[PDB]
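Participant: What follows is a single structure, and I will ask about it in a moment.
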Amino acid sequence: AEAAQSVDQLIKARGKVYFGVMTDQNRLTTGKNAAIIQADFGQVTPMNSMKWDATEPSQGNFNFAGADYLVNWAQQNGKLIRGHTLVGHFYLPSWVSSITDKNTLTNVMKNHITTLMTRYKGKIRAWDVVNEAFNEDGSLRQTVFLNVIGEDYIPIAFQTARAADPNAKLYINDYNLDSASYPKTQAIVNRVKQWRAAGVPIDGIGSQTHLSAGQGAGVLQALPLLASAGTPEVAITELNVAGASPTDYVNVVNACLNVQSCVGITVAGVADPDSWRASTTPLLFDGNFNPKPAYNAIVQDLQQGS
């Protein structure tokens with residue numbers, strides 16, 4: 001019956017690539033996460049296991065236990081993987097952020113990128129190569145990478161990534177790209193246009209979409225603005241909405257459908273209590289692992305638009 005269709009099965013029926021979720025071994029081996037992900041979602045992103053602190057706690061000495069679990073679980077369950085994330089300022093060991101030499105940090109950054117993407121070469125649909133690189137005002141965020149390498153670190157990260165695995169779609173990912181009139185949204189479009197004009201292989205813009213209630217409507221204009229940068233893809237990468245209103249969620253799903261370059265949507269987790277903001281109950285399954293009204297609203301709208 002119609003009532004029984006998945007959001008992933010339906011978004012695929014409408015011409016999209018996936019409707020996925022952020023997860024990791026800890027979730028996958030508890031509660032009903034794995035069963036829900038197998039049945040309802042086509043794509044997974046490692047919540048933590050592929051970040052720098054997790055994978056390179058000391059220079060050159062990599063740890064892949066968690067990441068390998070996620071990648072193999074995904075492969076044996078037919079789920080696409082978005083690798084996440086290579087270069088960014090949170091989850092960065094202080095051994096990295098300590099480096100003050102340009103050529104040392106450059107080499108360190110390139111080794112980190114190449115190591116990770118070489119290990120999973122060919123198995124990763126898309127990588128968030130650079131995360132959270134813009135300030136709110138639209139200027140580039142003054143991280144250790146920006147301050148020590150300079151703004152060339154972004155082109156360098158993407159060229160390096162393309163060399164390590166030319167099969168993966170290479171993304172830049174950010175939050176607060178949800179309003180078309182917001183400086184951050186306009187800036188990332190402008191910079192990504194310029195970088196791509198100079199042959200930087202930015203295949204995608206990822207918009208995390210951590211929404212407050214009522215912010216769904218504006219995504220309808222923010223998302224096509226993001227796609228006007230001319231990347232082959234855009235994605236919604238960490239979707240969750242404080243209060244989980246059906247309107248907010250359906251607006252975001254509709255923005256995706258409206259944007260030919262939008263390949264899919266990944267929500268920030270499965271069940272509310274596992275949210276970074278659990279008390280705003282922002283996800284699509286509740287504390288009993290039951291689908292919420294927003295989940296039904298999405299399925300229904302996906303069918304109705306067919």
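Identifiers in this document derive from the order of the structure tokens: chains are assigned A, B, ..., residues are numbered from 1 separately in each chain, and ligands are numbered from 1 in order of occurrence.
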Once DSSP has gone over the backbone, tell me which residues of region 44-85 of chain A are in strand (DSSP E or B), as a list in words.
Facilitator: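 So the strand (DSSP E or B) residues in region 44-85 of chain A would be residues 44, 45, 46, 58, 61, 80, 81, 82, 83, 84 and 85 of chain A.
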Participant: Within 7 Å of residue 190 (chain A), counting only C-alpha atoms, which residues show up once you throw out same-chain ones fewer than 4 positions away? Write them as a list in words, please.
Facilitator: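 The residues that qualify are residues 186, 194 and 229 of chain A.
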Participant: Which is closest to residue 302 (chain A) among A:165, A:233, A:101, A:2, if we use only C-alpha atoms?
Facilitator: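 Looking at the shortest contact to residue 302 (chain A), the residue is A:2.
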Participant: Taking into account only C-alpha atoms, which residue in the set A:295, A:62, A:249, A:134 is nearest to residue 113 (chain A)?
Facilitator: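 For residue 113 (chain A), the nearest of the candidates is A:62.
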Participant: Using only C-alpha atoms, which residue out of A:103, A:55, A:29, A:23 lies closest to residue 82 (chain A)?
Facilitator: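 For residue 82 (chain A), the nearest of the given residues is A:23.
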Participant: To one decimal in Å, tell me the separation between CA of residue 243 (chain A) and CA of residue 213 (chain A).
Facilitator: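 Between CA of residue 243 (chain A) and CA of residue 213 (chain A) the gap is 6.2 Å.
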Participant: Pick from A:21, A:270, A:117, A:298: nearest to residue 41 (chain A), with only C-alpha atoms counted?
Facilitator: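 Ranked by minimum distance to residue 41 (chain A), first place goes to A:21.
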Participant: Which is closer to residue 261 (chain A) than all the others in A:304, A:231, A:115, A:45, using only C-alpha atoms?
Facilitator: A:231
Participant: Mind pulling up the distance from CA of residue 4 (chain A) to CA of residue 289 (chain A)?
Facilitator: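 So the two atoms, CA of residue 289 (chain A) and CA of residue 4 (chain A), lie 16.0 Å apart.
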Participant: Got a sec: who's within 8 Å of residue 268 (chain A), counting only C-alpha atoms, leaving out chain neighbours fewer than 4 positions off, as a list in words?
Facilitator: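 After dropping sequence-adjacent residues, the list is residues 21, 22, 237, 238, 239, 240, 275 and 283 of chain A.
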Participant: Just the residues within 10 Å of residue 223 (chain A), please, counting only C-alpha atoms, with nothing from its chain fewer than 5 positions along; format it as a list in words.
Facilitator: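 Listed by chain and then number, they are residues 177, 178, 179, 180, 185, 205, 206, 207, 218, 228, 234, 235, 236, 252, 255, 256, 258, 259, 261 and 262 of chain A.
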Participant: Write to file, as a JSON list (two decimals), in the first residue's frame, the residues of the selection just made, with N, CA, C and O atoms.
Facilitator:
[["chain", "number", "residue", "atom", "x", "y", "z"],
["A", 177, "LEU", "N", 23.02, 28.08, 5.05],
["A", 177, "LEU", "CA", 22.80, 28.39, 3.64],
["A", 177, "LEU", "C", 21.29, 28.20, 3.34],
["A", 177, "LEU", "O", 20.91, 27.65, 2.30],
["A", 178, "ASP", "N", 20.44, 28.67, 4.26],
["A", 178, "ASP", "CA", 19.04, 28.32, 4.23],
["A", 178, "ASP", "C", 18.15, 29.47, 3.78],
["A", 178, "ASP", "O", 16.95, 29.26, 3.53],
["A", 179, "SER", "N", 18.71, 30.69, 3.74],
["A", 179, "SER", "CA", 18.00, 31.89, 3.37],
["A", 179, "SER", "C", 18.75, 32.55, 2.21],
["A", 179, "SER", "O", 19.95, 32.86, 2.35],
["A", 180, "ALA", "N", 18.04, 32.82, 1.11],
["A", 180, "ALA", "CA", 18.64, 33.40, -0.11],
["A", 180, "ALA", "C", 19.24, 34.81, 0.10],
["A", 180, "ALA", "O", 20.16, 35.21, -0.63],
["A", 185, "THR", "N", 25.04, 32.48, 2.26],
["A", 185, "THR", "CA", 24.50, 31.82, 1.08],
["A", 185, "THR", "C", 25.00, 32.51, -0.21],
["A", 185, "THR", "O", 25.45, 31.85, -1.11],
["A", 205, "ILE", "N", 27.79, 21.57, -3.88],
["A", 205, "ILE", "CA", 27.57, 22.32, -2.65],
["A", 205, "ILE", "C", 26.62, 21.54, -1.75],
["A", 205, "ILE", "O", 25.54, 21.10, -2.18],
["A", 206, "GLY", "N", 27.04, 21.32, -0.51],
["A", 206, "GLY", "CA", 26.20, 20.61, 0.48],
["A", 206, "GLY", "C", 25.66, 21.64, 1.46],
["A", 206, "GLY", "O", 26.40, 22.55, 1.89],
["A", 207, "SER", "N", 24.36, 21.59, 1.75],
["A", 207, "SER", "CA", 23.78, 22.58, 2.70],
["A", 207, "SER", "C", 23.24, 21.78, 3.86],
["A", 207, "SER", "O", 22.34, 20.96, 3.65],
["A", 218, "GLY", "N", 12.03, 29.26, 3.45],
["A", 218, "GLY", "CA", 13.10, 30.05, 2.79],
["A", 218, "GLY", "C", 14.04, 29.16, 1.99],
["A", 218, "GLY", "O", 14.70, 29.63, 1.04],
["A", 228, "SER", "N", 22.67, 27.81, -8.56],
["A", 228, "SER", "CA", 23.08, 28.78, -9.59],
["A", 228, "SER", "C", 24.60, 28.93, -9.62],
["A", 228, "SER", "O", 25.14, 29.53, -10.53],
["A", 234, "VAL", "N", 23.95, 19.72, -6.05],
["A", 234, "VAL", "CA", 23.80, 20.24, -4.68],
["A", 234, "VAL", "C", 23.12, 19.16, -3.81],
["A", 234, "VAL", "O", 22.49, 18.26, -4.35],
["A", 235, "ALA", "N", 23.27, 19.22, -2.48],
["A", 235, "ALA", "CA", 22.59, 18.24, -1.63],
["A", 235, "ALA", "C", 22.19, 18.94, -0.37],
["A", 235, "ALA", "O", 22.87, 19.87, 0.06],
["A", 236, "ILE", "N", 21.16, 18.42, 0.27],
["A", 236, "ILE", "CA", 20.83, 18.73, 1.65],
["A", 236, "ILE", "C", 21.51, 17.65, 2.47],
["A", 236, "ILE", "O", 21.23, 16.47, 2.28],
["A", 252, "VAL", "N", 11.29, 21.69, 2.58],
["A", 252, "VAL", "CA", 12.69, 21.31, 2.25],
["A", 252, "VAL", "C", 12.69, 20.22, 1.18],
["A", 252, "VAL", "O", 13.49, 20.28, 0.19],
["A", 255, "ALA", "N", 11.87, 21.89, -2.13],
["A", 255, "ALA", "CA", 13.02, 22.59, -2.65],
["A", 255, "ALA", "C", 13.94, 21.61, -3.40],
["A", 255, "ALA", "O", 14.42, 21.92, -4.47],
["A", 256, "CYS", "N", 14.22, 20.47, -2.80],
["A", 256, "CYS", "CA", 15.04, 19.46, -3.41],
["A", 256, "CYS", "C", 14.47, 19.03, -4.82],
["A", 256, "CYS", "O", 15.20, 19.04, -5.86],
["A", 258, "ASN", "N", 12.48, 20.67, -6.62],
["A", 258, "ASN", "CA", 12.44, 21.79, -7.56],
["A", 258, "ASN", "C", 13.77, 22.02, -8.20],
["A", 258, "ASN", "O", 13.83, 22.66, -9.24],
["A", 259, "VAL", "N", 14.84, 21.51, -7.59],
["A", 259, "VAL", "CA", 16.20, 21.88, -8.00],
["A", 259, "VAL", "C", 16.77, 20.68, -8.73],
["A", 259, "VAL", "O", 17.10, 19.63, -8.13],
["A", 261, "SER", "N", 19.58, 20.05, -10.07],
["A", 261, "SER", "CA", 20.88, 19.55, -9.58],
["A", 261, "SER", "C", 20.91, 18.94, -8.15],
["A", 261, "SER", "O", 21.93, 18.35, -7.73],
["A", 262, "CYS", "N", 19.83, 19.09, -7.38],
["A", 262, "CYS", "CA", 19.80, 18.45, -6.04],
["A", 262, "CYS", "C", 19.63, 16.95, -6.13],
["A", 262, "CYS", "O", 18.57, 16.47, -6.59]]
Participant: Please provide the set of residues having any atom within 12 Å of residue 119 (chain A), restricted to only C-alpha atoms, with same-chain residues fewer than 4 positions apart removed, written as a list in words.
Facilitator: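 Once the adjacent positions are removed, what remains is residues 50, 55, 62, 63, 64, 67, 68, 71, 83, 112, 113, 114, 115, 123, 124, 164 and 165 of chain A.
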Participant: Next, the residues of the selection above should be written as a PDB file, in the first residue's frame with N, CA, C and O atoms.
Facilitator:
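Written file, part.pdb:
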ATOM      1  N   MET A  50      34.781   9.319  10.510  1.00  0.00           N
ATOM      2  CA  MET A  50      35.717   9.760   9.479  1.00  0.00           C
ATOM      3  C   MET A  50      36.263  11.161   9.711  1.00  0.00           C
ATOM      4  O   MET A  50      36.945  11.659   8.843  1.00  0.00           O
ATOM      5  N   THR A  55      40.358   9.822  12.940  1.00  0.00           N
ATOM      6  CA  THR A  55      41.110   9.018  11.990  1.00  0.00           C
ATOM      7  C   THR A  55      42.627   9.273  12.004  1.00  0.00           C
ATOM      8  O   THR A  55      43.388   8.393  11.590  1.00  0.00           O
ATOM      9  N   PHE A  62      47.105   6.524  11.521  1.00  0.00           N
ATOM     10  CA  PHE A  62      45.676   6.597  11.236  1.00  0.00           C
ATOM     11  C   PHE A  62      44.899   5.490  11.983  1.00  0.00           C
ATOM     12  O   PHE A  62      45.445   4.415  12.234  1.00  0.00           O
ATOM     13  N   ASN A  63      43.635   5.745  12.296  1.00  0.00           N
ATOM     14  CA  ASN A  63      42.794   4.740  12.914  1.00  0.00           C
ATOM     15  C   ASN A  63      41.524   4.638  12.055  1.00  0.00           C
ATOM     16  O   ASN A  63      40.844   5.647  11.831  1.00  0.00           O
ATOM     17  N   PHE A  64      41.226   3.454  11.540  1.00  0.00           N
ATOM     18  CA  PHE A  64      40.045   3.316  10.684  1.00  0.00           C
ATOM     19  C   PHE A  64      38.944   2.351  11.143  1.00  0.00           C
ATOM     20  O   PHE A  64      38.035   2.053  10.369  1.00  0.00           O
ATOM     21  N   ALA A  67      35.343   3.757  10.896  1.00  0.00           N
ATOM     22  CA  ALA A  67      35.017   4.153   9.530  1.00  0.00           C
ATOM     23  C   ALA A  67      34.812   2.945   8.738  1.00  0.00           C
ATOM     24  O   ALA A  67      33.857   2.885   7.973  1.00  0.00           O
ATOM     25  N   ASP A  68      35.722   1.967   8.894  1.00  0.00           N
ATOM     26  CA  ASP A  68      35.598   0.692   8.151  1.00  0.00           C
ATOM     27  C   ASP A  68      34.312  -0.060   8.490  1.00  0.00           C
ATOM     28  O   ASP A  68      33.746  -0.666   7.640  1.00  0.00           O
ATOM     29  N   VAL A  71      31.518   1.780   6.463  1.00  0.00           N
ATOM     30  CA  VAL A  71      31.661   1.557   5.013  1.00  0.00           C
ATOM     31  C   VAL A  71      31.227   0.114   4.644  1.00  0.00           C
ATOM     32  O   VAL A  71      30.459  -0.099   3.696  1.00  0.00           O
ATOM     33  N   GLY A  83      31.261  10.346   2.365  1.00  0.00           N
ATOM     34  CA  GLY A  83      32.415  10.448   3.298  1.00  0.00           C
ATOM     35  C   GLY A  83      32.468  11.874   3.895  1.00  0.00           C
ATOM     36  O   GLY A  83      32.137  12.863   3.241  1.00  0.00           O
ATOM     37  N   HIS A 112      46.471  13.837   4.899  1.00  0.00           N
ATOM     38  CA  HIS A 112      45.220  13.454   5.539  1.00  0.00           C
ATOM     39  C   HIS A 112      44.158  13.123   4.471  1.00  0.00           C
ATOM     40  O   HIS A 112      43.508  12.056   4.528  1.00  0.00           O
ATOM     41  N   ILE A 113      43.995  14.038   3.512  1.00  0.00           N
ATOM     42  CA  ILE A 113      43.017  13.836   2.392  1.00  0.00           C
ATOM     43  C   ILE A 113      43.287  12.563   1.580  1.00  0.00           C
ATOM     44  O   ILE A 113      42.336  11.713   1.334  1.00  0.00           O
ATOM     45  N   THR A 114      44.525  12.456   1.095  1.00  0.00           N
ATOM     46  CA  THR A 114      44.889  11.278   0.282  1.00  0.00           C
ATOM     47  C   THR A 114      44.794   9.980   1.033  1.00  0.00           C
ATOM     48  O   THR A 114      44.301   9.002   0.499  1.00  0.00           O
ATOM     49  N   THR A 115      45.260   9.954   2.274  1.00  0.00           N
ATOM     50  CA  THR A 115      45.104   8.694   3.032  1.00  0.00           C
ATOM     51  C   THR A 115      43.648   8.200   3.143  1.00  0.00           C
ATOM     52  O   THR A 115      43.338   7.052   2.795  1.00  0.00           O
ATOM     53  N   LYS A 123      34.489   3.447  -3.432  1.00  0.00           N
ATOM     54  CA  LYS A 123      33.362   3.022  -2.667  1.00  0.00           C
ATOM     55  C   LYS A 123      32.554   4.219  -2.120  1.00  0.00           C
ATOM     56  O   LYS A 123      31.548   4.048  -1.430  1.00  0.00           O
ATOM     57  N   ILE A 124      33.012   5.424  -2.390  1.00  0.00           N
ATOM     58  CA  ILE A 124      32.410   6.621  -1.785  1.00  0.00           C
ATOM     59  C   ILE A 124      31.765   7.433  -2.853  1.00  0.00           C
ATOM     60  O   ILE A 124      32.459   7.995  -3.740  1.00  0.00           O
ATOM     61  N   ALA A 164      43.070  11.707  -5.553  1.00  0.00           N
ATOM     62  CA  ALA A 164      43.051  10.495  -4.712  1.00  0.00           C
ATOM     63  C   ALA A 164      41.955   9.537  -5.137  1.00  0.00           C
ATOM     64  O   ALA A 164      42.080   8.276  -5.017  1.00  0.00           O
ATOM     65  N   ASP A 165      40.831  10.108  -5.574  1.00  0.00           N
ATOM     66  CA  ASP A 165      39.711   9.264  -5.982  1.00  0.00           C
ATOM     67  C   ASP A 165      38.880  10.032  -6.985  1.00  0.00           C
ATOM     68  O   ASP A 165      37.995  10.745  -6.577  1.00  0.00           O
TER      69      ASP A 165
END
